[PDB]
Amino acid sequence: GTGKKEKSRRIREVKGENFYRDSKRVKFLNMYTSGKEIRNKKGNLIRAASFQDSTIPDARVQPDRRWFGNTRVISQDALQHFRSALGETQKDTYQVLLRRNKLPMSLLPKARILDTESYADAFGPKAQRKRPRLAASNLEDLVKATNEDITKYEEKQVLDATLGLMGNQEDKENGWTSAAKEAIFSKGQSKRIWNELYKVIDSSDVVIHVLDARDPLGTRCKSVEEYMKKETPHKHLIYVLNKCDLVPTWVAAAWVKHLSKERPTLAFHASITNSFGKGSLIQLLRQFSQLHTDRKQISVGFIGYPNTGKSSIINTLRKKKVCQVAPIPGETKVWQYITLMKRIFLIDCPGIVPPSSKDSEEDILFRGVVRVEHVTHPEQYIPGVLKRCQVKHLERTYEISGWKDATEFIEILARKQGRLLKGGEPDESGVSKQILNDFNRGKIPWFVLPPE
Ligand SMILES: Nc1nc2c(ncn2[C@@H]2O[C@H](COP(=O)(O)OP(=O)(O)O)[C@@H](O)[C@H]2O)c(=O)[nH]1
Ligand SMILES: [K+]
Ligand SMILES: [Mg+2]
């Protein structure tokens, strides 16, 4: 074994250097076990920990006439040309600027009443305002304006009375109070989850926003996209339409065409055995990899609503079960790094549900956000299923027919499936929960029509 000696190897070709590591590699790998201070038997500190010295530098600034000069200047023509060219370039989401760090990206009347007339002048013990500021031209125009305003106001009260006066006004009239919103519908909005989301975004060079094919606009998070455009514009955002196997092919094609106007969009079907769109996604990520040639590698973040298949997409890319997947929301709790290649990293993130007042509890329940078992009255959301699914699809799925409304549908399904309580009365809550779970998990086919 003379030829395997380190002296012989050095003839053929720091501390710890061998065949598998050179000095640079050894010095880099020693970082993970560094940062510890040195103590002796006497207690004296031979050396302090790295970045932990207690010495006091003499903080000084030397005088120089160059501190006061102009640091950056540009001509008018060059500034105008730069504005035009790069401002036109930015708006395209299919365009990417190379070496964006070294670019000069930072280069990119009603009168006030108060100044002439103060609050004291307008009203109070010391007021001096005695006549209207802008008096009417004459009496007839004033009466015409009053008549027009009264007509408009009466119309407005009639319009908003059909929602408020018949609603909230009568609600408190009888003393009735609507039941408080269930805490289940507020899930996905804890500060832990949003800290995870912001960490993932801050660490991601490219962010993949995952949308469900059946309901892409419903699962799309406008607030996060607006925040990324305003605050981290150098990151790239793309659309991946997951679960395209549930909808018809033409629906997916139309949705991809509609969404590609905003930003690059790929239709995807996440599966370990037989998938769709894996090669296209790999090609796009590779393209982004060559575009960021300066960086050691690029990191890719997956964000979206819960149960959109982010972990499933990562598993499809790895062709392995490297990420936990489950239909129940809240499966992924923290971010997770996956090494797709040496140049590309993937980050798994918990699903986020941006808070919106206009999103009713029924819509959130129908987007797969919440756990169905925790809903109080699952039957009350059953009619919604009836207005999102074709009758023939339900007849094929459950092998039943002849219902007039949701109550009869639930009763017939429960009797057919034998979901009977003690005494023979059907289990309405359990069957309703099963129907909601089946709607969410894709057993019942449904989709939203794409815009014309
Ligand atoms: N039919 C279908 N189901 C999917 C697809 N992707 C994910 N799922 C299902 O959605 C459930 C939850 O998805 P998951 O990967 O955990 O989404 P995540 O929470 O965002 O990571 C799983 O039980 C999957 O079986 C898909 O492309 N097609
Ligand atoms: K999940
Ligand atoms: Mg997941």
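When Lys321, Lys243, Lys235, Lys310 are checked against the criterion of being among the basic types (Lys, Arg) and away from ligand 3 (no atom under 16 Å from the Cβ), a single residue qualifies: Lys235. Just so you know, in the stretch 333-365 the residues that are farther than 18 Å from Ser312 by Cα and of a type in the set (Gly, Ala, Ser) include one that is farthest from the chain's Cα centre (by Cα), and it is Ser360.
For the stretch 408-452, give me each residue that is among the hydrophobic types (A, V, I, L, M, F, W, C), part of a loop (DSSP other than H, G, I, E, B) and farther than 28 Å from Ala213 by Cβ.
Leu421
In this structure, does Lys387 turn out to be more than 16 Å from ligand 3 (Cβ to nearest atom) and out of contact with any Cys (no Cβ under 9 Å at 6 or more places or on another chain)? Judged against the criteria, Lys387 is a match.
Candidates in the stretch 100-157 are the residues that are hydroxyl-bearing (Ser, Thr, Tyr) and loosely packed, with under 10 Cβ neighbours inside 10 Å; of these, the one that is nearest to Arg72 (Cα to Cα) is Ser106. One residue alone among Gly368, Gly330 is buried (at least 19 other Cβ atoms within 10 Å of the Cβ) and either more than 16 Å from ligand 3 (Cβ to nearest atom) or under 19 Å from the mean Cα position of the chain (by Cα) (or both), and that residue is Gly368. Close Cβ contacts (under 7 Å, 6 or more residues apart or on different chains) running from residues in the stretch 382-409 that are farther than 18 Å from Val448 by Cβ to residues that are assigned to a loop (DSSP other than H, G, I, E, B) comprise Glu395/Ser401; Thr397/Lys443; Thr397/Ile444; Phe409/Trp403. Would you be able to say whether some residue in the stretch 266-287 is outside any loop (DSSP other than H, G, I, E, B), out of contact with any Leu (no Cβ under 8 Å at 6 or more places or on another chain) and small (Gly, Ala, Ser)? Checked against the condition, which is being outside any loop (DSSP other than H, G, I, E, B), out of contact with any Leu (no Cβ under 8 Å at 6 or more places or on another chain) and small (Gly, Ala, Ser), the stretch 266-287 yields at least one hit.
FYI the Cβ positions are ideal-geometry reconstructions off the backbone, even for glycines, and counts take in every protein chain you see. FYI, it's all coordinate maths here, none of it is from the lab.
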